[PDB]
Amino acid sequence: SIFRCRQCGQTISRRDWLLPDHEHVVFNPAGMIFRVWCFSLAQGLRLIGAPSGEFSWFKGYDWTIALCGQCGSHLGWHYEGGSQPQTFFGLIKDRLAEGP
């Protein structure tokens, strides 16, 4: 029901906050594959830098790197500047732990 940072246990999100498919399998320009779950809402992150559109997986959205606010582990990206919705989070599924 709750998603925590796999590395340190920081509270991040909830199954209830998943945003549809909620799963997207993508590759960055360094050829790294991420299984990304989209969330309407997340907490306990630190958004680093200003947004960029470069190589955005989601048409009309700019991304900022989302670290775990506690341990600094890269948990995914915040997406902004789009429409329906304006903002959402793309979190790397295998860097989260699910439970009570």
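Numbers follow the displayed sequence, beginning with 1.
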Open item on the list: I'd like the number of residues from the deposited sequence that lie between residue 20 and residue 21 yet are not in the model, binned as none, 1 to 3, 4 to 9, or 10 or more.
Closed with: 1 to 3
Task: Greater mean Cα temperature factor according to the PDB record, 38-46 or 23-31 - done: 23-31
Open item on the list: Please compare 49-57 with 70-78 and name the stretch with the higher mean C-alpha B-factor in the deposited structure.
Closed with: 49-57
Open item on the list: Quick check for you: using the entry's CA B-factors within this chain, is residue 83 in the lowest, middle or highest third?
Closed with: highest
